[PDB]
Amino acid sequence: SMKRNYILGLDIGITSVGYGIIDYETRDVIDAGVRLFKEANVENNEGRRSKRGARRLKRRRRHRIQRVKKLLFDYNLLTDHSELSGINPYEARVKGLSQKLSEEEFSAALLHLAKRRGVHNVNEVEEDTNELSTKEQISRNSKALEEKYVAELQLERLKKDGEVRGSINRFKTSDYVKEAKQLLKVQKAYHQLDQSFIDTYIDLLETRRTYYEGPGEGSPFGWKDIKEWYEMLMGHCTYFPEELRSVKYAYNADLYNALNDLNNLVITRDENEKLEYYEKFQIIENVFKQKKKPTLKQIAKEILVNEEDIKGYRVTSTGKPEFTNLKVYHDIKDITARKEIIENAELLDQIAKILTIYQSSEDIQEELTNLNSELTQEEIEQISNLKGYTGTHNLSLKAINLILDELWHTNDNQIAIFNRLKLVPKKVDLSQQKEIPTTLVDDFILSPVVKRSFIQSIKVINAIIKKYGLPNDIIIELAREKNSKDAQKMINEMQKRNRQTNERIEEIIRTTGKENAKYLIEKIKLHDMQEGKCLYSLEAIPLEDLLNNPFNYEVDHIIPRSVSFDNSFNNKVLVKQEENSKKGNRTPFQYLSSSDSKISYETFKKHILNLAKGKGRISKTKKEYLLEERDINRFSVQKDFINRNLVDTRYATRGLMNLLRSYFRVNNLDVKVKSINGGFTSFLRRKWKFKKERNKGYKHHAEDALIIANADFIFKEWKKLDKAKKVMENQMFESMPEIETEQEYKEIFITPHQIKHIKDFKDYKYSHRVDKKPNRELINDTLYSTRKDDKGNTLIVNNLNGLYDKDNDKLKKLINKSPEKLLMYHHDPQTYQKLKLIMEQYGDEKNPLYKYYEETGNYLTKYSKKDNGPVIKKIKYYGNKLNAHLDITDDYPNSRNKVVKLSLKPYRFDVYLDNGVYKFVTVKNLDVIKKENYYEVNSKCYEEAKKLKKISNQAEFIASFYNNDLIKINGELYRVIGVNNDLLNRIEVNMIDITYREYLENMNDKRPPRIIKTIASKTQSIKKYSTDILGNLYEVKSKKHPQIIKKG
Amino acid sequence: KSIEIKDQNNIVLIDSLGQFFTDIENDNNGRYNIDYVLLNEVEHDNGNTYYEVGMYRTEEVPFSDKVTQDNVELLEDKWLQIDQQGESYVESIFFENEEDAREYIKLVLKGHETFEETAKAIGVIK
RNA sequence: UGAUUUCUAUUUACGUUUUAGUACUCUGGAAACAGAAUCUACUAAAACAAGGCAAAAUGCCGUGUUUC
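Protein sequences appear in the order of chains A and C.
Numbered per the deposited numbering, the first sequence spans residues 0 to 128, 130 to 734, 740 to 1053.
Position one of the second sequence corresponds to residue 62 (the deposited numbering), numbered consecutively onward.
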């Protein structure tokens, strides 16, 4: 459109990106909208990777079997006339250790050994235990194989217990190799074999790929050699692209985190409040290198101060001070304390890398020795058996050391060092980028949710820049929840605490008799936390006086909001009105160090400390607020407070900010970017009197955007906010004005400038992300067999498992309601009568089979005259009638029953206009097949489905609709969900500005929250519309014919 | 049953009346099978209007966490998104009266109009 | 009101299904045996997203991202 001078506010959520465009000088709302998308989930790619690995495992098993087959055909032990059907492999395998085998049974034995060949290394199996680990089972079996071969033990298991297969069939490759080579040394005297034959077969039997070899030639997941393996496993640094990322637990990474911890400490003492170079070195050498997990006590003893004088440390949830521990340093020190080893930082880095990227004790030993270092062989032996080394660092070791210098020689932490250095991502040349690149987000070590939302926000920014020109200011806020589960967690906790506060208010009203407590919840809660004490005078605050004359007491802000910018409970105390009046724009340390106070500062400090110790009535934030002894007139302290309460310093936010600011820096574009703390925006949204409930659609996401945009406006209008404005923008700040009182603060921030105008905005736009991706899940996992009943229908057969589980009442329900659905009901009535007897005997039990097993020790056995019937473990029964399905019966030749899979997943639907009536044909995921560069709709299946819908050859192709495409039915615009019932020509749609569920809820409508529509003779008009990423509508123009070739 | 046997594929949907749930089954892996049913008013191609009770079964709805009162909402959400992306039509049986079809779904099918209702009534939760 | 884990490798024993054999059930028979049923179980051999490559090979791909 027409270029504008504007502020751009961005609200980045887990499923939405709201944008707000406000005029920079007139504060008028230029535009607003939301980009909507589905929440990413790591489980999608997780299942993809797991199924790819399983397919690889099955393929390699089959290939090993076929290679053994080829070897057998080579030595003429297998011909095209060999028959091995009746051969029992266990009997043949044990017989071949003592006698000649038939060529047929010899081949069968070798093949059966090749199919199941045991474990090489337990580290290769990522397992969930049948409840006894594979390592333990191998221990048991090898102890049981002290005088036997695997085949002999398996054969006696078969002859005694009747089973060989299951949990206890886990051996290791060594035992199989022993049995196989003894079998071969026996059979070579009767069959014309080679030593090459024996070597080739044993190799085929025991060989498999390593973690560092990877897939074979031609794989997009593979690598050429070990160097490419390492480089693909690690990745490249964002700022130094030819450097590889460090491992997570390298020594220098732990030292970097430890120096970050030390630079964050604020020590109350006569000397420098910050630890100095010599002091940090002394603490690292004498505490961090002597104690595995350093404590605040040890650090305080090192610098000869007390624990209460040290502030600004990380904390556990038990409230204990937390400090970085040098993992590899103490891991190697416990094996060798030699100065030549543990005091060699690069050597410890190499040891950590080798422990991380190598997954075998033997490979670890070899790669440690290959380091021509001063480590002894026994030291390497001991080191090879270490555990806990996983993960890759964000930075390369080069950047780690570059920042280690700044950590040693300054008191800045990692965030401040990165803000001052302003490193530029160099993996993509931001110099030659015509817009903000989205590929840098793929590098970040981030949750896929935040990754997707960051990419979406970058593209929204690009589109807004293309539409309205370069913005003046960009202000961004990222959602606090990491996913939907975290959102539900926070909702539950907030409902819980609201319930508890309501209970306390209600029983206060019951005990005291006055409803005044209903409007004093904040003062009452502060009274509770302080145990009825005014924390500035330590006098008693009678609950009756507070409830009767609440203005005798005031909520004072501990650190003045003109510097702290903190509006939360952590910066509030219920004090006497006179104390708050006399305190002014000061801190408790300044007010109680003064003539105006009534008590000392040390009395107050002692009280605050003992009050914080007990029952968590003080938060750590509140305690470090009350005992803030620094001069808040110092610019460093003000910068710290702005960075804490006004800026979002989470790693993901910092990475996105760095990317944006770098792109603008490199291209010499003057766009000031800041990321606001969400607590401040919550405060602003509340004081501006926005409703607590968000029940009118996606527009809220855009609303928030405008809100923070409005906030940005404030920070540009007043010079007394300049410092904050320049800290949020990460700009170096140069008789400056300043907010001097809290009333001035409230005048600046609470005043509802243009808030009604924001609430009156009605031209919101919405963009829903369309999904056209082919080759998604094509069919369900479950493999079903079917029967044909008397009436000619096809029923699906379900299995019932866990028959003897304490809580499984499904078989009891089935027997009591519909016994005829069981297959044994019709085909084995005597076993069913046994089962019904057992069910009625313990009918008052939830699972009668469970109690039967516990009382008798017997399972349900198949009916027998001689009581030799087999144990019944699962029961087949009739399910539903077979509707649309995928027939896979051809994979099972001569199968008497049809083998099916269910729920053909749809891809799209194509709408045609046929002699005045609207029809549509459903394109399924199974109908799209990849051909060598591009996905193609199979024309045979497509014409089949067209004919099934009676679509003419002269029918006019109207459009094709994927998920979230905009459809216009009878003049009403919806978004497409998908095909609901292909046979009934029923599609599913939803509203654009709000979900149909909440639309019905607002009107208290109980209708089904799904919009299902029929497309038939009654349909008058069908159109297709689409939007850009900003939600700007346009009708889809063309395509006389449907798309058959897809890019992918 | 008081059903009527018809030709069923040329039937136009007039008004979606109700959506009930009959069974929420745990497959004892991270997945669930949700059986539900729809009550619609429908007009046959011949002109007569019936009330359609259409049964659907959404299988392999992945949910790994143990479901509570604080959790069943997310299971319902995942069931909905799995059902929207797949094929779950089983069959449809028709009635002449809305009261008769409602009685069918009420007693012979044991259907609740709330996912939470069905979860507690079948024992998935409290 | 009250702070990064993405991407990716290797493998074992299971699990579902079909076929064959055996066991279990039923019928006939003196027996040798043969049928009926395909329910329950063991063993082996196969298939396990539809499928596509590739040709003796520790062979490769197929449910992710992005969808303007």
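A virtual CB, placed ideally from N, CA and C, is assigned to each residue, including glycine.
Out of A:228, A:693, A:73, A:1030, the CA that lies nearest to the CA of residue 976 (chain A) is found in A:1030. Contact annotation: the stretch 362 to 382 of chain A does not touch the stretch 402 to 414 of chain A, with fewer than three C-beta pairs closer than 8 Å. With fewer than 16 neighbouring CB atoms inside 10 Å of its own CB, residue 169 (chain C) falls in the exposed class. Note on the stretch 782 to 830 of chain A: whole alpha helix (DSSP H) runs with a minimum of 4 residues are 815 to 822, in chain order. For residue 72 (chain C), the nearest CB of chain A lies under 8 Å from its own CB, placing it at the interface with that chain.
Segment contact: the stretch 947 to 963 of chain A against the stretch 104 to 114 of chain C, fewer than three CB-CB distances shorter than 8 Å; contact not assigned. Each residue's CA atom was taken as its position, placing residue 91 (chain A) and residue 875 (chain A) some 26 Å apart. Taken atom to atom, the span from the alpha-carbon of residue 790 (chain A) to that of residue 248 (chain A) is near 50 Å. Where residue 982 (chain A) is concerned, the enclosing beta strand (DSSP E) starts and stops at 977 to 986.
Membership of residue 80 (chain C) in the beta strand (DSSP E) is indicated by the continuous run 73 to 87. In this chain, the alpha helix (DSSP H) harbouring residue 687 (chain A) covers 678 to 687. Between the stretch 483 to 499 of chain A and the stretch 18 to 26 of chain A there are fewer than three C-beta pairs closer than 8 Å, too few to call the two in contact. Across the stretch 1010 to 1041 of chain A, CB contacts with chain C closer than 9 Å involve 1011, 1012, 1013, 1014, 1015, 1016, 1017, 1018, 1019, 1021, 1022, 1023, in sequence order along the chain. Those residues of the stretch 786 to 803 of chain A placed with their C-beta closer than 7 Å to a C-beta in chain C are 786, 787, ordered along the chain.
For residue 982 (chain A), the closest C-alpha among the options A:912, A:793, A:1026, A:598 is that of A:912. Here residue 364 (chain A) really is in contact with residue 358 (chain A); their C-beta atoms are around 5 Å apart, less than 8 Å. Between residue 133 (chain A) and residue 142 (chain A), the alpha-carbon positions lie close to 14 Å from each other. A contact between stretches requires three or more CB pairs, one per stretch, nearer than 8 Å, and the stretch 39 to 49 of chain A fails this requirement with the stretch 77 to 94 of chain A. DSSP places residue 360 (chain A) outside both helix and strand once states are collapsed to three, so it counts as coil. Of the residues A:304, A:4, A:742, A:9, the one whose Cα lies closest to the Cα of residue 26 (chain A) is A:4. Within the stretch 208 to 284 of chain A, the complete beta strand (DSSP E) segments at least 3 residues long are 245 to 247, listed from N- to C-terminus. Distance from the CA atom of residue 276 (chain A) to the CA atom of residue 571 (chain A), rounded to whole angstroms, is 30 Å. In the structure shown, residue 33 (chain A) adopts extended strand secondary structure according to DSSP, grouped into three states. Listed in chain order, the positions of the stretch 475 to 507 of chain A with a beta carbon within less than 8 Å of a beta carbon of chain C are 484, 485, 488, 492.
DSSP, read as helix, strand or coil, puts residue 193 (chain A) in coil.
A residue is called buried once 16 or more other Cβ atoms fall within 10 Å of its Cβ, and residue 306 (chain A), having fewer, is exposed.
Within the same chain, Cβ atoms closer than 7 Å to the Cβ of residue 742 (chain A) are found at 719, 720, the five residues on either side in sequence being excluded. Across the set A:201, A:567, A:205, A:228, the C-alpha of A:228 shows the shortest separation from the C-alpha of residue 214 (chain A). Contact of residue 988 (chain A) with chain C by beta-carbon distance below 9 Å involves 69, 70, 150. Interface criterion met: the Cβ of residue 121 (chain C) is under 8 Å from a Cβ in chain A. The beta-carbon of residue 903 (chain A) is placed no less than 8 Å from the nearest beta-carbon of chain C. Nearest in C-alpha terms to residue 15 (chain A), of all of A:808, A:458, A:534, is A:458.
Here residue 757 (chain A) carries a coil assignment [DSSP, helix/strand/coil]. One thing to note: residue 782 (chain A) has its Cβ no nearer than 8 Å to the Cβ of residue 672 (chain A). The Cβ of residue 168 (chain C) sits no closer than 8 Å to any Cβ of chain A. Of all residues in the stretch 872 to 887 of chain A, only 885, 886 come within less than 7 Å of chain C when Cβ atoms are compared, listed by chain position.
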